[PDB]
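For reference, protein-v5.txt is printed below; it contains compact mmCIF, C-alpha atoms.
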# COMPACT_ATOMS: atom_id res chain seq x y z
CA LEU A 160 -105.70 69.78 -29.32
CA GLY A 161 -108.62 68.12 -27.57
CA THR A 162 -109.97 66.83 -30.87
CA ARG A 163 -106.57 65.42 -31.85
CA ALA A 164 -106.18 63.72 -28.48
CA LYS A 165 -109.71 62.32 -28.74
CA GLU A 166 -109.17 60.91 -32.23
CA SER A 167 -105.83 59.35 -31.29
CA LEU A 168 -107.31 57.79 -28.15
CA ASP A 169 -110.34 56.58 -30.12
CA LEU A 170 -108.14 54.86 -32.69
CA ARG A 171 -105.96 53.30 -29.98
CA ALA A 172 -109.00 52.13 -28.01
CA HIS A 173 -110.63 50.66 -31.11
CA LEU A 174 -107.47 48.72 -31.96
CA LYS A 175 -107.15 47.53 -28.36
CA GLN A 176 -110.79 46.42 -28.36
CA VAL A 177 -110.32 44.52 -31.63
CA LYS A 178 -107.31 42.75 -30.13
CA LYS A 179 -108.82 42.16 -26.69
CA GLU A 180 -112.04 40.71 -28.09
CA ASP A 181 -110.18 37.73 -29.53
CA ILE A 182 -107.75 37.85 -26.59
CA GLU A 183 -110.62 36.96 -24.28
CA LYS A 184 -112.37 34.88 -26.95
CA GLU A 185 -110.31 31.69 -27.38
CA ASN A 186 -108.17 31.65 -24.23
CA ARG A 187 -109.21 28.11 -23.25
CA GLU A 188 -106.73 26.51 -25.63
CA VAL A 189 -104.40 26.50 -22.62
CA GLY A 190 -106.24 23.41 -21.38
CA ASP A 191 -103.75 20.55 -21.58
CA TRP A 192 -102.66 17.49 -19.60
CA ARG A 193 -100.61 17.20 -16.41
CA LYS A 194 -99.61 13.50 -16.51
CA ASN A 195 -99.76 12.59 -12.84
CA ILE A 196 -98.90 9.13 -11.48
CA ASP A 197 -100.60 6.36 -9.51
CA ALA A 198 -97.62 3.96 -8.93
CA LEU A 199 -99.37 1.27 -11.07
CA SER A 200 -99.31 -1.30 -8.27
CA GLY A 201 -101.77 -3.52 -10.11
CA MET A 202 -100.12 -4.59 -13.36
CA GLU A 203 -99.77 -8.37 -13.57
CA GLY A 204 -99.54 -9.10 -17.28
CA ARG A 205 -97.92 -12.06 -19.01
CA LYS A 206 -94.89 -12.36 -21.28
CA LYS A 207 -96.48 -12.66 -24.71
CA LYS A 208 -94.99 -9.70 -26.58
CA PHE A 209 -95.25 -10.62 -30.25
CA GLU A 210 -96.47 -7.26 -31.48
CA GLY A 211 -93.19 -5.80 -30.21
CA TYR B 188 -56.75 -20.47 -18.96
CA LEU B 189 -58.17 -22.18 -15.88
CA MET B 190 -56.62 -25.46 -17.00
CA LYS B 191 -53.35 -23.58 -17.41
CA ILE B 192 -53.35 -21.92 -13.99
CA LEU B 193 -54.39 -25.07 -12.16
CA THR B 194 -50.91 -26.36 -12.91
CA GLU B 195 -49.56 -23.96 -10.28
CA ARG B 196 -50.78 -26.27 -7.53
CA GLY B 197 -49.85 -29.60 -9.09
CA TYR B 198 -53.00 -30.68 -10.90
CA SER B 199 -52.28 -31.36 -14.57
CA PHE B 200 -55.17 -31.81 -16.99
CA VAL B 201 -54.05 -32.49 -20.57
CA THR B 202 -56.39 -34.92 -22.31
CA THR B 203 -59.28 -33.52 -24.31
CA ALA B 204 -61.55 -35.49 -21.99
CA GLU B 205 -60.18 -33.72 -18.91
CA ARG B 206 -61.07 -30.37 -20.44
CA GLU B 207 -64.63 -31.31 -19.53
CA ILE B 208 -63.60 -31.80 -15.91
CA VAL B 209 -61.92 -28.40 -15.88
CA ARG B 210 -65.09 -26.94 -17.38
CA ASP B 211 -67.11 -28.43 -14.55
CA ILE B 212 -64.70 -26.96 -12.01
CA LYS B 213 -65.08 -23.56 -13.66
CA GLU B 214 -68.86 -23.74 -13.65
CA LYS B 215 -69.24 -24.87 -10.06
CA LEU B 216 -66.52 -22.91 -8.25
CA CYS B 217 -65.34 -19.79 -10.10
CA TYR B 218 -66.85 -16.38 -9.42
CA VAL B 219 -66.10 -12.81 -10.50
CA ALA B 220 -64.51 -10.61 -7.87
CA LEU B 221 -66.03 -7.22 -7.16
CA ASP B 222 -62.57 -5.71 -6.64
CA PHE B 223 -59.60 -7.66 -7.93
CA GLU B 224 -56.70 -6.35 -5.84
CA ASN B 225 -58.54 -6.66 -2.53
CA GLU B 226 -59.47 -10.25 -3.33
CA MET B 227 -55.90 -11.04 -4.33
CA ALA B 228 -54.71 -9.63 -1.02
CA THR B 229 -57.35 -11.46 1.03
CA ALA B 230 -56.80 -14.85 -0.61
CA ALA B 231 -53.06 -14.49 0.08
CA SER B 232 -53.50 -14.02 3.85
CA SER B 233 -56.57 -15.89 5.10
CA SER B 234 -57.89 -19.23 3.86
CA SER B 235 -61.62 -18.53 3.78
CA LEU B 236 -61.78 -18.88 -0.01
CA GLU B 237 -60.27 -22.34 -0.52
CA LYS B 238 -63.14 -24.48 -1.76
CA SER B 239 -62.57 -28.17 -2.44
CA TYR B 240 -63.96 -30.32 -5.23
CA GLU B 241 -64.04 -34.08 -5.81
CA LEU B 242 -62.70 -35.37 -9.11
CA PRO B 243 -64.51 -38.16 -10.97
CA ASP B 244 -62.35 -40.67 -9.09
CA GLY B 245 -61.66 -39.21 -5.64
CA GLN B 246 -58.52 -37.22 -4.76
CA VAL B 247 -60.26 -33.97 -3.88
CA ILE B 248 -58.55 -30.77 -5.01
CA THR B 249 -58.50 -27.34 -3.35
CA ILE B 250 -58.83 -24.21 -5.47
CA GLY B 251 -57.37 -21.11 -3.86
CA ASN B 252 -57.16 -17.77 -5.61
CA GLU B 253 -57.68 -19.55 -8.91
CA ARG B 254 -61.37 -19.07 -8.20
CA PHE B 255 -61.67 -15.43 -9.24
CA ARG B 256 -58.57 -15.31 -11.44
CA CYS B 257 -60.08 -17.50 -14.16
CA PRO B 258 -63.11 -15.28 -14.92
CA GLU B 259 -61.13 -12.09 -14.36
CA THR B 260 -59.71 -12.68 -17.84
CA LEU B 261 -62.96 -11.24 -19.18
CA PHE B 262 -62.14 -7.79 -17.81
CA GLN B 263 -58.38 -8.00 -18.47
CA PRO B 264 -57.78 -9.94 -21.69
CA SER B 265 -54.07 -9.32 -21.25
CA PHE B 266 -53.97 -12.43 -19.05
CA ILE B 267 -54.27 -14.77 -22.02
CA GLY B 268 -52.15 -12.44 -24.13
CA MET B 269 -55.03 -10.82 -26.00
CA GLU B 270 -54.48 -7.13 -26.69
CA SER B 271 -58.06 -5.87 -26.62
CA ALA B 272 -59.92 -4.33 -23.70
CA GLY B 273 -62.23 -6.20 -21.39
CA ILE B 274 -65.95 -6.70 -21.70
CA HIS B 275 -66.33 -3.74 -19.34
CA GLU B 276 -64.73 -1.34 -21.83
CA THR B 277 -65.85 -2.70 -25.17
CA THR B 278 -69.43 -2.03 -24.08
CA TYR B 279 -68.60 1.59 -23.31
CA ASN B 280 -66.79 1.90 -26.64
CA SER B 281 -69.76 0.36 -28.43
CA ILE B 282 -72.02 2.92 -26.77
CA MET B 283 -69.78 5.87 -27.60
CA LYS B 284 -69.87 4.99 -31.30
CA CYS B 285 -73.63 5.49 -31.23
CA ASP B 286 -75.30 8.85 -31.76
CA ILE B 287 -75.27 11.42 -28.97
CA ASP B 288 -79.02 11.30 -28.35
CA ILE B 289 -79.56 7.58 -27.71
CA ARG B 290 -76.71 7.09 -25.27
CA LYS B 291 -78.89 7.60 -22.19
CA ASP B 292 -81.30 4.85 -23.24
CA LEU B 293 -78.46 2.45 -24.01
CA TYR B 294 -76.89 3.27 -20.64
CA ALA B 295 -80.13 2.50 -18.85
CA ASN B 296 -80.95 -0.73 -20.72
CA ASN B 297 -77.70 -2.68 -20.81
CA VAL B 298 -78.64 -6.35 -21.28
CA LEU B 299 -76.59 -9.42 -20.41
CA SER B 300 -77.10 -12.78 -22.07
CA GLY B 301 -75.23 -15.93 -23.01
CA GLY B 302 -73.88 -18.66 -20.79
CA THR B 303 -70.61 -17.10 -19.69
CA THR B 304 -72.41 -14.19 -18.05
CA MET B 305 -73.67 -16.54 -15.33
CA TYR B 306 -70.69 -16.07 -13.02
CA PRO B 307 -71.83 -15.16 -9.51
CA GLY B 308 -71.14 -11.46 -9.04
CA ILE B 309 -70.63 -10.25 -12.61
CA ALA B 310 -73.70 -8.01 -12.79
CA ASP B 311 -72.17 -5.89 -10.02
CA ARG B 312 -68.58 -5.77 -11.27
CA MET B 313 -69.71 -4.74 -14.74
CA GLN B 314 -72.00 -2.03 -13.35
CA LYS B 315 -69.21 -0.68 -11.16
CA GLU B 316 -66.80 -0.57 -14.10
CA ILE B 317 -69.22 1.14 -16.47
CA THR B 318 -70.23 3.63 -13.77
CA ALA B 319 -66.55 4.43 -13.39
CA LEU B 320 -66.21 5.00 -17.14
CA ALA B 321 -69.53 6.70 -17.90
CA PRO B 322 -70.46 10.30 -17.05
CA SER B 323 -71.62 10.72 -13.47
CA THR B 324 -75.14 11.89 -14.32
CA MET B 325 -76.37 8.95 -16.41
CA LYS B 326 -77.98 6.02 -14.64
CA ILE B 327 -76.33 2.67 -15.37
CA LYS B 328 -78.59 -0.36 -15.10
CA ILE B 329 -77.65 -3.93 -16.02
CA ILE B 330 -80.48 -6.32 -16.90
CA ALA B 331 -79.51 -9.84 -15.80
CA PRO B 332 -82.53 -12.13 -16.05
CA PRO B 333 -82.28 -15.46 -14.20
CA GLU B 334 -82.94 -17.32 -17.47
CA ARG B 335 -79.76 -15.97 -19.02
CA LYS B 336 -78.46 -19.19 -20.57
CA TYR B 337 -81.52 -19.85 -22.72
CA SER B 338 -82.28 -16.19 -23.41
CA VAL B 339 -81.33 -16.47 -27.07
CA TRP B 340 -83.50 -19.52 -27.57
CA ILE B 341 -86.49 -18.03 -25.76
CA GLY B 342 -86.19 -14.99 -28.00
CA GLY B 343 -85.97 -17.29 -31.00
CA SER B 344 -89.18 -19.02 -29.98
CA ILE B 345 -90.94 -15.68 -29.56
CA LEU B 346 -89.76 -14.48 -32.96
CA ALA B 347 -90.81 -17.69 -34.68
CA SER B 348 -94.23 -17.50 -33.03
CA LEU B 349 -95.01 -14.05 -34.47
CA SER B 350 -97.59 -13.62 -37.21
CA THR B 351 -95.82 -10.63 -38.78
CA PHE B 352 -92.68 -12.75 -39.23
CA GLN B 353 -94.49 -15.57 -41.02
CA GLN B 354 -93.65 -14.25 -44.49
CA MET B 355 -89.91 -13.68 -43.94
CA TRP B 356 -88.88 -17.34 -44.25
CA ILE B 357 -86.66 -18.30 -47.18
CA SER B 358 -89.06 -20.51 -49.11
CA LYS B 359 -87.53 -23.42 -50.99
CA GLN B 360 -88.66 -22.26 -54.43
CA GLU B 361 -86.82 -18.99 -53.79
CA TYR B 362 -83.63 -20.90 -53.05
CA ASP B 363 -84.09 -22.95 -56.21
CA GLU B 364 -84.23 -19.74 -58.26
CA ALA B 365 -81.28 -17.82 -56.79
CA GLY B 366 -79.01 -20.44 -55.23
CA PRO B 367 -77.52 -20.39 -51.74
CA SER B 368 -76.58 -16.72 -52.10
CA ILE B 369 -80.23 -15.90 -51.35
CA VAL B 370 -79.44 -15.50 -47.65
CA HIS B 371 -77.51 -12.26 -48.13
CA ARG B 372 -80.42 -10.85 -50.16
CA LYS B 373 -83.60 -9.21 -48.86
CA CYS B 374 -84.50 -12.34 -46.93
CA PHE B 375 -81.63 -11.71 -44.54
Serialized structure, structure tokens:
Amino acid sequence: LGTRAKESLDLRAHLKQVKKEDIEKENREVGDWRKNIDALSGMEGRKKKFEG
Amino acid sequence: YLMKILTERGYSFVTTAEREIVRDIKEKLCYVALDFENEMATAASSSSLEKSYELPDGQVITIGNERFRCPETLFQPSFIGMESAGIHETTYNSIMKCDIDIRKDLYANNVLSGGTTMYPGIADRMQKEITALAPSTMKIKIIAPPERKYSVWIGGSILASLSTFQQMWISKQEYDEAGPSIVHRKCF
């Protein structure tokens, strides 16, 4: 019984390690943008839209 | 219609030359009422609306509630016997024929142009009407630039000044090859 429990736990732990290795590996892909605002109180362009 | 309702006070303009005088009266005096019934009730009790105007020969005239009844025809074309709905409801119908996903943008970017949209107080009446018709969540905004009258021509100048547009003209040799029916073709 102890041997069976040990082998089952070993297999489960090995699978969990294989998963968790890549789980911790590339977890920085969550870096994205937040798109805050600044009120753009300094835009003083001219009316020359020809490019559309 | 203004020339026809002025006859209710005694002023008769008939000649095709006097149509110009009635046009000047319309331009200088008429305005669009924010709420029609309240204005009709107010003009019938007080006299704060009666504005006078001097004809090309003297004999000043006084326009009463003809001021906001002339341009009201835009929102109730039943006045001149036309069946259709006003300019406040044909815009909403034109929007509702569009697809369901671009209605918010059209609601937010309603543009006015042309000469007749220069009546003082139309950009508020139209917004009130559309807000009454439209769903309560959408924001209704009416763009009314001060250079409304020449808006079409300014846009025409901008379009003619573009480099990308320079090859869309109907060149004369093309007309010589296909006749006047070239305009309906690719060169629209």
Once you count only C-alpha atoms, which residues of chain A turn out to be within 10 Å of chain B? Could you give them as number ranges by chain? A: 206-211
Counting all atoms listed in the file, note down every residue that has an atom within 12 Å of the point (-62.4, -28.8, -15.9) (file coordinates), as a PyMOL selection string. chain B and resi 188-193+198-217+240-243+248+250+257
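Coordinates place CA of residue 281 (chain B) at a distance of 20.7 Å from CA of residue 259 (chain B).
CA of residue 302 (chain B) is positioned 11.8 Å from CA of residue 340 (chain B).
Here CA of residue 288 (chain B) and CA of residue 272 (chain B) stand 25.1 Å from one another.
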Skipping near chain neighbours, those fewer than 4 positions away, what residues fall within 9 Å of region 329-331 of chain B using all atoms listed in the file, listed as a PyMOL selection string? chain B and resi 294-300+304-305+310-311+313-314+335
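For residue 322 (chain B), the set of protein, DNA and RNA residues having any atom at most 12 Å away, when counting all atoms listed in the file and skipping those fewer than 5 positions along the same chain, is residues 279, 283, 290, 291, 294, 316, 317 and 327 of chain B.
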Axis-aligned box for region 315-331 of chain B, 5 Å per side, centre and edges in Å as JSON:
{"center_x": -73.3, "center_y": 1.0, "center_z": -14.5, "size_x": 24.3, "size_y": 31.7, "size_z": 16.7}
